[PDB]
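Pasting data.tsv here (TSV, C-alpha atoms and all ligand atoms):
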```
chain	number	residue	atom	x	y	z
A	7	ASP	CA	0.00	0.00	0.00
A	8	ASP	CA	1.56	3.19	-1.52
A	9	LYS	CA	2.38	5.10	1.71
A	10	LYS	CA	4.93	2.34	2.46
A	11	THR	CA	6.49	2.76	-0.98
A	12	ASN	CA	6.79	6.49	-0.35
A	13	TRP	CA	8.76	5.76	2.82
A	14	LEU	CA	11.04	3.41	0.94
A	15	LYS	CA	11.63	6.21	-1.59
A	16	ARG	CA	12.53	8.59	1.24
A	17	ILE	CA	14.88	6.10	2.90
A	18	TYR	CA	16.58	5.39	-0.46
A	19	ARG	CA	17.01	9.10	-1.26
A	20	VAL	CA	18.58	10.05	2.03
A	21	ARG	CA	21.29	7.32	1.90
A	22	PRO	CA	24.08	8.05	-0.57
A	23	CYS	CA	26.64	5.38	-1.42
A	24	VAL	CA	28.77	4.63	1.64
A	25	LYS	CA	32.00	4.88	-0.37
A	26	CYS	CA	31.74	7.93	-2.62
A	27	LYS	CA	29.11	9.60	-0.42
A	28	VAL	CA	27.46	11.31	-3.42
A	29	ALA	CA	25.83	8.80	-5.78
A	30	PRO	CA	22.65	6.90	-4.93
A	31	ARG	CA	22.90	3.25	-4.01
A	32	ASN	CA	22.42	0.29	-6.29
A	33	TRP	CA	19.31	-1.72	-5.60
A	34	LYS	CA	17.21	-4.50	-6.98
A	35	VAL	CA	13.72	-5.92	-6.58
A	36	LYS	CA	13.65	-9.46	-5.35
A	37	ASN	CA	10.24	-11.02	-5.06
A	38	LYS	CA	8.32	-8.91	-2.55
A	39	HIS	CA	11.42	-7.02	-1.27
A	40	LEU	CA	13.54	-4.12	-2.25
A	41	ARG	CA	17.27	-4.74	-1.70
A	42	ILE	CA	19.29	-1.58	-1.19
A	43	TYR	CA	23.04	-2.23	-1.46
A	44	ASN	CA	25.61	-0.22	0.44
A	45	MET	CA	27.28	1.23	-2.66
A	46	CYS	CA	26.50	2.59	-6.08
A	47	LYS	CA	27.29	0.38	-9.06
A	48	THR	CA	30.53	2.27	-9.88
A	49	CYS	CA	31.98	1.95	-6.36
A	50	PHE	CA	30.92	-1.72	-6.06
A	51	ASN	CA	32.59	-2.66	-9.35
A	52	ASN	CA	35.71	-0.67	-8.16
A	53	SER	CA	35.68	-2.52	-4.82
A	54	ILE	CA	36.18	-5.78	-6.69
A	55	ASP	CA	39.01	-4.38	-8.76
A	56	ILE	CA	40.85	-3.07	-5.64
A	57	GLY	CA	40.21	-6.09	-3.44
A	58	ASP	CA	38.07	-4.53	-0.73
A	59	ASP	CA	34.96	-6.10	0.65
A	60	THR	CA	34.74	-3.66	3.57
A	61	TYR	CA	31.67	-1.89	2.19
A	62	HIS	CA	29.90	-4.93	0.76
A	63	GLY	CA	26.39	-5.41	2.10
A	64	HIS	CA	22.75	-4.55	1.81
A	65	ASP	CA	19.40	-4.29	3.52
A	66	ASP	CA	16.10	-5.70	2.37
A	67	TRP	CA	12.70	-3.94	2.72
A	68	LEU	CA	9.19	-5.33	2.32
A	69	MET	CA	7.50	-3.45	-0.52
A	70	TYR	CA	3.98	-3.93	0.87
A	71	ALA	CA	2.36	-2.37	3.96
A	72	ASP	CA	1.01	-5.69	5.26
A	73	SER	CA	3.30	-8.68	5.84
B	7	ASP	CA	21.51	-6.96	11.30
B	8	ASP	CA	21.52	-3.92	13.68
B	9	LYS	CA	21.89	-1.10	11.10
B	10	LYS	CA	18.39	-2.06	9.84
B	11	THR	CA	17.00	-1.86	13.36
B	12	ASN	CA	18.50	1.61	13.72
B	13	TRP	CA	16.63	2.71	10.60
B	14	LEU	CA	13.40	1.30	11.97
B	15	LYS	CA	14.01	3.30	15.16
B	16	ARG	CA	14.51	6.46	13.10
B	17	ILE	CA	11.38	5.86	11.01
B	18	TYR	CA	9.34	5.19	14.18
B	19	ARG	CA	10.62	8.33	15.92
B	20	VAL	CA	9.89	10.71	13.08
B	21	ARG	CA	6.23	9.62	12.69
B	22	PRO	CA	3.94	10.90	15.43
B	23	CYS	CA	0.38	9.61	15.74
B	24	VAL	CA	-1.65	10.74	12.73
B	25	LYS	CA	-4.52	11.94	14.94
B	26	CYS	CA	-3.02	13.83	17.88
B	27	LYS	CA	0.22	14.58	16.01
B	28	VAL	CA	2.28	14.50	19.24
B	29	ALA	CA	2.40	11.02	20.77
B	30	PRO	CA	4.39	8.15	19.26
B	31	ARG	CA	2.53	5.40	17.46
B	32	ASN	CA	1.44	2.09	18.87
B	33	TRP	CA	3.29	-0.88	17.49
B	34	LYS	CA	3.77	-4.57	17.99
B	35	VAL	CA	6.23	-7.29	17.01
B	36	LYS	CA	4.72	-10.01	14.92
B	37	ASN	CA	7.03	-12.85	14.03
B	38	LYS	CA	9.87	-11.31	12.02
B	39	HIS	CA	8.08	-7.94	11.46
B	40	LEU	CA	7.50	-4.74	13.28
B	41	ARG	CA	3.94	-3.40	12.83
B	42	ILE	CA	3.66	0.34	13.28
B	43	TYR	CA	0.03	1.47	13.61
B	44	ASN	CA	-1.19	4.85	12.45
B	45	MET	CA	-2.19	6.07	15.92
B	46	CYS	CA	-1.09	5.99	19.52
B	47	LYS	CA	-3.00	3.72	21.88
B	48	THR	CA	-5.04	6.62	23.36
B	49	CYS	CA	-6.24	7.91	19.98
B	50	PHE	CA	-6.99	4.39	18.68
B	51	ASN	CA	-9.11	3.53	21.72
B	52	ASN	CA	-10.87	6.96	21.28
B	53	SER	CA	-11.49	6.23	17.59
B	54	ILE	CA	-13.57	3.22	18.59
B	55	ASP	CA	-15.54	5.20	21.13
B	56	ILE	CA	-16.37	7.96	18.57
B	57	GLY	CA	-17.06	5.66	15.64
B	58	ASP	CA	-14.27	6.68	13.28
B	59	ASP	CA	-12.16	4.26	11.35
B	60	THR	CA	-10.65	6.97	9.14
B	61	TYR	CA	-7.21	6.69	10.72
B	62	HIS	CA	-7.14	2.93	11.22
B	63	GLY	CA	-4.18	1.24	9.58
B	64	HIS	CA	-0.58	0.20	9.84
B	65	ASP	CA	2.61	-0.70	8.04
B	66	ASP	CA	4.79	-3.72	8.58
B	67	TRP	CA	8.63	-3.72	8.48
B	68	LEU	CA	11.06	-6.62	8.29
B	69	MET	CA	13.25	-6.54	11.40
B	70	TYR	CA	16.23	-8.22	9.71
B	71	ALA	CA	18.58	-6.87	7.02
B	72	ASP	CA	18.32	-9.98	4.84
B	73	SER	CA	14.94	-11.30	3.65
C	1	LIG	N1	26.29	-2.39	-5.04
C	1	LIG	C1	26.74	-3.12	-4.00
C	1	LIG	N2	27.24	-2.53	-2.86
C	1	LIG	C2	27.65	-3.24	-1.75
C	1	LIG	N3	27.57	-4.59	-1.74
C	1	LIG	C3	27.05	-5.19	-2.88
C	1	LIG	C4	26.64	-4.48	-4.01
C	1	LIG	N4	26.18	-5.36	-4.96
C	1	LIG	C5	26.30	-6.61	-4.45
C	1	LIG	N5	26.82	-6.49	-3.18
C	1	LIG	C6	27.11	-7.59	-2.23
C	1	LIG	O1	27.45	-8.75	-2.94
C	1	LIG	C7	26.82	-9.91	-2.44
C	1	LIG	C8	25.85	-10.47	-3.48
C	1	LIG	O2	24.59	-9.83	-3.46
C	1	LIG	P1	23.37	-10.36	-4.32
C	1	LIG	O3	23.78	-10.51	-5.74
C	1	LIG	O4	22.14	-9.49	-4.09
C	1	LIG	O5	23.22	-11.82	-3.67
C	1	LIG	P2	21.97	-12.80	-3.89
C	1	LIG	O6	22.57	-14.01	-4.55
C	1	LIG	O7	21.43	-13.15	-2.48
C	1	LIG	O8	20.78	-12.26	-4.75
C	1	LIG	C9	26.15	-9.48	-1.17
C	1	LIG	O9	27.01	-9.58	-0.05
C	1	LIG	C10	25.87	-8.02	-1.47
C	1	LIG	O10	25.71	-7.33	-0.30
C	2	LIG	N1	-3.15	1.92	17.23
C	2	LIG	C1	-3.81	1.79	16.07
C	2	LIG	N2	-3.91	2.81	15.15
C	2	LIG	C2	-4.53	2.68	13.93
C	2	LIG	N3	-5.09	1.50	13.57
C	2	LIG	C3	-4.98	0.46	14.49
C	2	LIG	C4	-4.36	0.58	15.73
C	2	LIG	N4	-4.42	-0.62	16.39
C	2	LIG	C5	-5.08	-1.50	15.59
C	2	LIG	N5	-5.40	-0.82	14.42
C	2	LIG	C6	-6.11	-1.39	13.25
C	2	LIG	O1	-6.99	-2.39	13.66
C	2	LIG	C7	-6.94	-3.55	12.84
C	2	LIG	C8	-6.41	-4.74	13.64
C	2	LIG	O2	-5.00	-4.77	13.71
C	2	LIG	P1	-4.22	-6.00	14.32
C	2	LIG	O3	-4.74	-6.30	15.67
C	2	LIG	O4	-2.72	-5.78	14.24
C	2	LIG	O5	-4.73	-7.14	13.31
C	2	LIG	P2	-4.09	-8.61	13.19
C	2	LIG	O6	-5.22	-9.52	13.56
C	2	LIG	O7	-3.68	-8.80	11.71
C	2	LIG	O8	-2.84	-8.92	14.08
C	2	LIG	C9	-6.07	-3.16	11.68
C	2	LIG	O9	-6.80	-2.57	10.63
C	2	LIG	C10	-5.16	-2.13	12.32
C	2	LIG	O10	-4.62	-1.32	11.36
C	3	ZN	ZN	29.72	5.34	-4.92
C	4	ZN	ZN	-2.58	10.11	19.30
```

Could you take the file, read its structure, and then write that structure out as structure tokens?
Ligand SMILES: Nc1ncnc2c1ncn2[C@@H]1O[C@H](COP(=O)(O)OP(=O)(O)O)[C@@H](O)[C@H]1O
Ligand SMILES: Nc1ncnc2c1ncn2[C@@H]1O[C@H](COP(=O)(O)OP(=O)(O)O)[C@@H](O)[C@H]1O
Ligand SMILES: [Zn+2]
Ligand SMILES: [Zn+2]
Amino acid sequence: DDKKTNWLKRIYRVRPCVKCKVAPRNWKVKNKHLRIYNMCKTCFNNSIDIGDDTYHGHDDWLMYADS
Amino acid sequence: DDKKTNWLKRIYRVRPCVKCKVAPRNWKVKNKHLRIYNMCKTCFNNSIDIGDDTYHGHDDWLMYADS
């Protein structure tokens, strides 16, 4: 129910990439959840190239108001 | 994973009861989810007494970082 989705949009917007601190985070939809990763796509691909997993991670959010 | 819980604490704190606009919302833990209701307990009980379901509702949040 759309008020939940609006919260998820707010939460996404206020959390820039943990590495570059400017770009928005990468994300994906998996089944009924939104997965927000810690970094943008550029910084994540770079983290593999440099050998750092320090900022790897994510959090999952239910995209519906009722579980 | 505790960073998720910290977000849920922020989201809860910034959303006063939709009716009285001052008190924090009622909530409950159901299985792996946090249910945040639209109103505080006082306003919800009052809504039954006055016959208004306008502000009845809730949103559910996964309490873990990985779904
Ligand atoms: N953009 C990113 N920023 C930080 N960590 C990421 C990013 N993309 C993938 N990861 C990490 O890489 C791993 C793989 O994630 P993912 O592909 O979503 O796994 P799954 O197989 O469960 O769908 C996870 O630890 C995830 O946190
Ligand atoms: N404090 C409250 N504020 C607004 N609506 C509420 C409140 N408490 C209960 N409700 C509403 O009353 C109904 C019953 O909720 P609940 O007891 O959590 O149902 P369930 O049987 O699924 O566990 C729902 O529509 C819920 O949104
Ligand atoms: Zn970045
Ligand atoms: Zn109230």

Quick one: chain B onto chain A, least squares on all Cα paired in order, result as a CSV table (one decimal) with C-alpha atoms, in the coordinates of the input?
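Contents of result13.csv, as written:
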```csv
chain,number,residue,atom,x,y,z
B,7,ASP,CA,0.0,0.0,0.0
B,8,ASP,CA,1.6,3.2,-1.5
B,9,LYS,CA,2.4,5.1,1.7
B,10,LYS,CA,4.9,2.3,2.5
B,11,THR,CA,6.5,2.8,-1.0
B,12,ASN,CA,6.8,6.5,-0.3
B,13,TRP,CA,8.8,5.8,2.8
B,14,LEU,CA,11.0,3.4,0.9
B,15,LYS,CA,11.6,6.2,-1.6
B,16,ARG,CA,12.5,8.6,1.2
B,17,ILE,CA,14.9,6.1,2.9
B,18,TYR,CA,16.6,5.4,-0.5
B,19,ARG,CA,17.0,9.1,-1.3
B,20,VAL,CA,18.6,10.1,2.0
B,21,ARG,CA,21.3,7.3,1.9
B,22,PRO,CA,24.1,8.0,-0.6
B,23,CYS,CA,26.6,5.4,-1.4
B,24,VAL,CA,28.8,4.6,1.6
B,25,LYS,CA,32.0,4.9,-0.4
B,26,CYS,CA,31.7,7.9,-2.6
B,27,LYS,CA,29.1,9.6,-0.4
B,28,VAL,CA,27.5,11.3,-3.4
B,29,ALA,CA,25.8,8.8,-5.8
B,30,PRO,CA,22.6,6.9,-4.9
B,31,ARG,CA,22.9,3.2,-4.0
B,32,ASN,CA,22.4,0.3,-6.3
B,33,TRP,CA,19.3,-1.7,-5.6
B,34,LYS,CA,17.2,-4.5,-7.0
B,35,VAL,CA,13.7,-5.9,-6.6
B,36,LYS,CA,13.7,-9.5,-5.3
B,37,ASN,CA,10.2,-11.0,-5.1
B,38,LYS,CA,8.3,-8.9,-2.6
B,39,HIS,CA,11.4,-7.0,-1.3
B,40,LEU,CA,13.5,-4.1,-2.2
B,41,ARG,CA,17.3,-4.7,-1.7
B,42,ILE,CA,19.3,-1.6,-1.2
B,43,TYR,CA,23.0,-2.2,-1.5
B,44,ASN,CA,25.6,-0.2,0.4
B,45,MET,CA,27.3,1.2,-2.7
B,46,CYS,CA,26.5,2.6,-6.1
B,47,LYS,CA,27.3,0.4,-9.1
B,48,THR,CA,30.5,2.3,-9.9
B,49,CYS,CA,32.0,1.9,-6.4
B,50,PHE,CA,30.9,-1.7,-6.1
B,51,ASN,CA,32.6,-2.7,-9.3
B,52,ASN,CA,35.7,-0.7,-8.2
B,53,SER,CA,35.7,-2.5,-4.8
B,54,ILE,CA,36.2,-5.8,-6.7
B,55,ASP,CA,39.0,-4.4,-8.8
B,56,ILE,CA,40.9,-3.1,-5.6
B,57,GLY,CA,40.2,-6.1,-3.4
B,58,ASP,CA,38.1,-4.5,-0.7
B,59,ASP,CA,35.0,-6.1,0.7
B,60,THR,CA,34.7,-3.7,3.6
B,61,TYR,CA,31.7,-1.9,2.2
B,62,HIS,CA,29.9,-4.9,0.8
B,63,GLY,CA,26.4,-5.4,2.1
B,64,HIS,CA,22.7,-4.6,1.8
B,65,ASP,CA,19.4,-4.3,3.5
B,66,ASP,CA,16.1,-5.7,2.4
B,67,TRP,CA,12.7,-3.9,2.7
B,68,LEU,CA,9.2,-5.3,2.3
B,69,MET,CA,7.5,-3.5,-0.5
B,70,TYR,CA,4.0,-3.9,0.9
B,71,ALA,CA,2.4,-2.4,4.0
B,72,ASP,CA,1.0,-5.7,5.3
B,73,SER,CA,3.3,-8.7,5.9
```

So what do you get for CA of residue 62 (chain A) versus CA of residue 10 (chain B), distance-wise?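 Between CA of residue 62 (chain A) and CA of residue 10 (chain B) the gap works out to 14.9 Å.
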
Kindly compile the residues surrounding ligand ZN 4 (chain C) within 12 Å, counting all atoms listed in the file, and format them as a VMD selection string. chain B and resid 21 to 32 43 to 53 61 to 62

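From CA of residue 42 (chain A) back to atom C4 of ligand LIG 1 (chain C), the distance works out to 8.4 Å.
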
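When all atoms listed in the file are used to measure the gap to ligand LIG 2 (chain C), the shortest distance among B:33, B:19, B:55, B:67 belongs to B:33.
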
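Residue-level contact on chain B: within 8 Å of chain A, counting only C-alpha atoms, the set is residues 10, 39, 64, 65, 66, 67, 68, 70, 71, 72 and 73 of chain B.
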
Please indicate the distance in Å from CA of residue 35 (chain B) to CA of residue 16 (chain B), rounded to one decimal place.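 Between these atoms lies a distance of 16.5 Å.
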
As JSON, please: the centre and edge lengths in Å, to one decimal, of an axis-aligned box enclosing every listed atom of ligand LIG 1 (chain C) with 3 Å added on each side.
```
{"center_x": 24.2, "center_y": -8.2, "center_z": -2.9, "size_x": 12.9, "size_y": 17.6, "size_z": 11.7}
```
